[PDB]
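There is one chain below, alone, in structure tokens, taken in the form deposited in one PDB entry.
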């Protein structure tokens, strides 16, 4: 029965784990918002081959995923879960946590995202040949940007994105439910102190994160059927294990 002190300590613990694994400093992301790819540079990206652009994006996503893996390893309660469940939670949740974290790198004012040193629009990614998915991802980042999460709120929310007791294949669901509930108390407690409980009703609906993840897997399938050798030769093995069917 998590006491008030234990809940307060859980808040601090979650925020600490996030701060140590957040990948890019927010201050750096925000100061870079003025650095936007030129028309010429956008053209260059649009002229890249499908394979090269996927390969680059696959590498960048894997880098982000590695930070989320570390976040999980440092998240209190997570390493205490059975190994099977650790894997189930990360395989389903890693991409979902990156998608949420990404809103930090998204500028709602001009609909650009930080990518390879500058900010660019969704048309930057045209060579991928998955523009509906990219458009849906930008839309998602835009919806989250309207909540204006603090770093601590991202920490606590992404903890719950990961520690999701409804994932299929959990062998010890009760232990996940219990950690999930304690994380919810931590989240609610922090929001109550900051008068931000209103955001709970405005969080991404049921199935949204699942849809973006499923589409990513589907679009990878389409690419991999068209370019099988590239995926085998050049894609990060972790990316293949998480997403290749």
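Numbering follows the first chain given and starts at 1. Note that the rigid core is defined as the largest set of C-alphas that superpose within 1.5 Å between two forms. Residues that one form lacks are left out of the comparison.
Only in words, not in the display: the form deposited in another entry, which the text now covers.
Relative to the superposed core, residue 221 undergoes a Cα shift of 2 Å or more between the shown form and the other one. After superposing the rigid core, the Cα of residue 15 is displaced by less than 2 Å between the shown form and the other one.
The gap between the Cα atoms of residue 125 and residue 230 is larger in the other form, by no less than 3 Å, than in this form.
Here's the thing about residue 230 and residue 132: their CA atoms end up at least 3 Å farther apart in the other form than they are in this form. 220-235 is the only run of at least 3 consecutive shared residues whose C-alphas each shift by 2 Å or more between the shown form and the other one once the core is superposed.
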